[PDB]
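Examining the three-dimensional arrangement
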Amino acid sequence: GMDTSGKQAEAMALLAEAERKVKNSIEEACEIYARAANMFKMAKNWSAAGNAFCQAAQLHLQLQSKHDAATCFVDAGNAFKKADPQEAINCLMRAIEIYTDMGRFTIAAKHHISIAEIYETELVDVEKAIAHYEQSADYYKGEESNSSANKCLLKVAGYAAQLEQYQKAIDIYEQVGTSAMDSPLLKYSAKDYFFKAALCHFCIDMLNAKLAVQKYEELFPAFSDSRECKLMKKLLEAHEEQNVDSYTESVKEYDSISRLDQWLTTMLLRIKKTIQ
Amino acid sequence: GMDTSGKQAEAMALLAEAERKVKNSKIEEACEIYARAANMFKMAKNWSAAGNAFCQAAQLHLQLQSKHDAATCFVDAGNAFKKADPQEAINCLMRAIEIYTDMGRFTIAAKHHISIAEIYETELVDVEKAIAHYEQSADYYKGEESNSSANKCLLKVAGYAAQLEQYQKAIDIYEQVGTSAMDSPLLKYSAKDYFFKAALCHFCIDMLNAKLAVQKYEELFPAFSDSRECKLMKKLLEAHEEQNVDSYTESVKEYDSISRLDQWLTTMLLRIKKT
Amino acid sequence: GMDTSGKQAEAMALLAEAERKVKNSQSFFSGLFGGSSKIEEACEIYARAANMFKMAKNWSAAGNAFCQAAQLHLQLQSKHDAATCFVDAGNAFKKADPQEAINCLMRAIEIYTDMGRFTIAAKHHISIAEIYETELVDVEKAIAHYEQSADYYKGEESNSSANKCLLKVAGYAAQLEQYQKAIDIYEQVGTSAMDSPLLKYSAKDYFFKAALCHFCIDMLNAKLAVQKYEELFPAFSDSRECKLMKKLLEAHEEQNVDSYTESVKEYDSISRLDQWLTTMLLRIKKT
Amino acid sequence: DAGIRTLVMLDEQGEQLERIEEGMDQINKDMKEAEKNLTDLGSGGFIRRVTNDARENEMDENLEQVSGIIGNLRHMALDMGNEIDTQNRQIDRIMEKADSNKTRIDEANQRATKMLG
Amino acid sequence: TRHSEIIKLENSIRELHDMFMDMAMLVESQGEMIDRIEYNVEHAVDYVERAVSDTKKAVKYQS
Amino acid sequence: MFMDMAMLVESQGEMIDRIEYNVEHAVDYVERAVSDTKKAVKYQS
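- Per the PDB record, the structure was determined using cryo-EM to 3.39 Å resolution.

Laid out in structure tokens, this is it:
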């Protein structure tokens, strides 16, 4: 349709006009660049719109402007998000650096979360996602935003248990559960976290899991009443006899009563495989 | 009624005096006084005349050096004409949308696109015309990363296409939205429904491939098995395998006993069952 | 990692440069009367030093820089930025040194209330009460701060926020074995909350607590208070609370400790009990 | 308990939202006045009884209780929903205002720089 | 009697379900919307402060 | 689902509180600037 060709031609004309204006040597050039990038965005030419945005941001930063420069850098980053993830990462890193320089820690943490998200979803990398999530959690905890920090720590612990050693998962789950028990609204969920921790201990050895569950049961009396406690006690007893059939029966019955996360399935499969 | 006549007379007099004042620097005062006269007409509640005066004042403001005021007056005139000739309101709101897009405010442009699509579909019978506006708004929202609004627009357009018998677009949109919702930690509970709907549309094409489609949905989403929708649809397909009308009628009556079926679902069910 | 050493070294260098700048500022002013450009620039360096120290996890240095900047900008008659930096100290020293954060927040509160900005003063008072409560068991200061914040909020006509402060004050006072204040606050809030559409559902709970807080005084007045509450809020009868109180009263009327304990155990089994309720029940059982 | 906490804290959120709306309106009015002045400067059972027995009683009674509680939830939940809707509208209504406010200062500042030279 | 009571219970459960989904989706939309306003107002306040500071410095330079 | 709704609502509430603080700061500064402008215009005239 007319949109593609017309907007592309107008964008090229505006880019040439801004280039000529700077060739005379200034805010007018930045305005022309911003308008041309906007029309590029309308034209669906996702690529090369971030290029114009970056050029405008650099030109504006040339005259000591930092706020609008950071906003346009973030704009170019999100524009490149779909067209080119790597340059989106770079633009977001620049914006994070500047925002941290002015000390707007919430914006930096949000951008770190976005960076971790793009890294984990499109590209394949867990360590970078873990580091970015940890940085965002540290920023938020410094800003005492407890819920976001808890979410980030839970995600990091989940990934660490998924691939990394279980000590990080043990620590994070224990800390989060301990913080959660006292909370009036959140107390009900606390059990969950504790349960997860216990399972990770089982991956190391049965005796470590036994001592950990004993300590948790002592610490949290309600945990004794949890169906989870009964399930782990039964599973540990079955494992202690090298009897796989009881293991399978208990797992199947528990799944029948309630569906599985597919994380518990993975951990239980790992534990069963090592029963020998 | 006395009130209508009094307000009409007062607004007529105010607009006449405004015209005299403008006819007598002067552009700003003329625009302001015309705005006051159009507001008094709005209180007089003569929708056609009030909207006409508002749009004339908007054009005069366009004559004045300002854009935001121009767009605001345009949207106000479109709202006033909402209860008048749809073409004039559509044109004014389209100009306002263009003016807003030119500034880069895509969110308000998409909102206005949705509004004009709504008036187009509710007032006139043209549905395909509203499809274009809905798709444009959905594209704008997706570009701005507003997933909820894009999902709403996609659902509406997919439902309209399914009603229009373009089952391919409906099935594609339904499957995409269902899988996207399934991925999200929240809204997952609703995902099942989308899948179910798709099956019905897919049944319009044939019955044999419906079995494969339901099996694919089952393996992709095991929880869908426990949903009453899966049981109902498999029972309906099995009953349809034999040319007996009573079986599916009883099944649908049993399902309806719990919850009333919507008009779209009932129409689709009647279409499938009658043939 | 590199962060600690690098940030520390750069922050020390920048802070020393700022100290030299402020030292030379007096000479510049005496010889040329440069104005406040040097002082403003020094304050900028100091604020940057504080923020970098915060990034470097060195909270004490950041707090010291914030306090210095507060003092310097207060010396420039800018009480608003001085109060902002006082609150910066209050939130930076909060973890490094709670006591310093206390006086910083008092200074900020005084500055703010000087202009009548009561909401910010009430928020700071609430923060200070929280600081007192979380670390120290000096309940009395927490009660005083909460009462002051509640009075400020009431003076601002912002209801539903002074209410929570009054509930906290009453709950803490009830722990000190002074029951009249707790009874009065609980009954007042309950009677206020009956009429609210949204809060109505919760109102019953308050009455329960009051009656329990009225139980330690003596059995007879608790019975009569139960009658008074029930006649005013008939729906209260439906709640399990009335049944539990009636059963406990019947058990205690004949010194039947076993029945009382069994009923308490059953109720806890159905729904886990709170530490406050557990303590109150244990105190009542002593009789 | 979760339902009740949600209701009360939603009420608090609504109060805060109204407060911010009032503050924003005040800001807009003050800004306009200042700009103009500066310009001028120039049910019988639930379980069938196959064998009766005490076991069949408590079961049924539990169900009874369950049903009652569910009833309450309905009304409870319904009420909560209403609140959210109102908030939605009010929230929207602030953006426009605030946005306009911002725009004003921009042009105002631009004008403040264009009259000088 | 069994059918009536059981179906009534199931219908009530379904009603609660549907309305909870609707309200939670509305809450999500509201959350995004509030996220937007925060940054909008922050930028507005920062820019007005910057502009007024420029005004003070300029007027004091001229006087 | 009830437990799931709770924390969303709580987060919304705290975030509203932050916005409210920002708005109070903005309005206070606006009032102070208005007072300064009044002083300047009255005394210079």
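1. Some words on a nonpolar patch on the surface
All names here are of chain D.
- A cluster of nonpolar side chains, namely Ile47, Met59 and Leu63, defines an oily patch on the protein surface of about 220 Å² accessible area.
- Looking at where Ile47 falls in the secondary structure, it is placed in the loop between α1 (2–41) and α2 (53–114).
- Overall, the relative accessible area of 33% leaves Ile47 in the partly exposed class.

2. Regarding the pattern of salt bridges
- Under the defined criterion, the tally for this structure stands at 31 salt bridges over all chains.
- Notably, a salt bridge pairs C:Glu147 with C:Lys181, separated by 3.5 Å at the nearest N-O pair. Residue C:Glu147 is located in helix α7 (residues 139–155), and its partner C:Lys181 is located in helix α9 (residues 179–194); the two are separated by 34 residues in the primary sequence.
- With a relative accessible area of 32%, C:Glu147 lands in the partly exposed category.
- Here the residues in one salt-bridge network are B:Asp126, B:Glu128 and B:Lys129, joined through shared partners.

3. Describing the interface of chain D and chain E
- Across the contact, 25 residues belong to chain D and 24 residues belong to chain E.
- Summing both partners gives a buried area of about 2,100 Å² for chain D against chain E, and 77% of it is carried by carbon and sulfur.
- Among the residues forming the side of chain D that touches chain E, the class breakdown is eleven nonpolar, seven polar and seven charged.

4. Some thoughts on the interface of chain C and chain D
- Across the contact, nine residues belong to chain C and eleven residues belong to chain D.
- Around 900 Å² of area is buried between chain C and chain D when both sides are counted, 61% of it from carbon and sulfur atoms.
- Three residues, C:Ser160, C:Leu198 and C:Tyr201, lead the burial of chain C against chain D; their summed loss comes to 62% of the area buried on that side.
- At the boundary of chain C with chain D, the tally comes to zero salt bridges.
- Residue classes in the side of chain C that touches chain D are distributed as four nonpolar, five polar and no charged.

5. What to know about the packing of aromatic side chains
- Following the criterion strictly, the structure yields 14 aromatic pairs over all chains and no others.
- Plain terms: the ring middles of B:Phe195 and B:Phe221 are 6.3 Å apart, the flat faces sit at 85° to each other, and that makes the pair edge-to-face. Here the residue B:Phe195 occupies a position in helix α10 (residues 188–205), and B:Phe221 occupies one in the loop between α11 (208–220) and α12 (228–241), the gap between them amounting to 26 residues. Across the pair, B:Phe221 and B:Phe195 agree in class, each one buried.
- Seen from their ring centres, C:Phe207 and C:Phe236 are 6.3 Å apart, and the 65° between their planes marks the pair as edge-to-face.

What counts and what doesn't
- Residues numbered from 1 in each chain as written, not as in the entry; some residues may be left out.
- Chains lettered and ligands numbered in written order.
- Part of a larger assembly, values for the part shown.
- Heavy atoms only, no water.
- Patch = residues over 30% accessible without salt bridge, like charges linked within 9 Å, V, L, I, M, F, W, Y side chains within 5 Å.
- Areas by Shrake-Rupley, 256 points an atom, 1.4 Å probe, with all protein chains shown as cover.
- Salt bridge = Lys/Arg side-chain N within 4 Å of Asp/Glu carboxyl O.
- Helix = DSSP H or I, 4+ residues; strand = E, 2+ residues; numbered from the N terminus.
- Buried < 20%, exposed > 50% of the residue type's maximum accessible area, 1.4 Å probe, protein only.
- Contact = heavy atoms within 4.5 Å.
- Buried area = accessible area lost by both parts, 1.4 Å probe.
- Nonpolar A, V, L, I, M, F, W, Y, C, P; charged D, E, K, R; others polar.
- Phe/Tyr/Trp six-rings, centres within 6.5 Å; stacked < 30°, edge-to-face > 60°.

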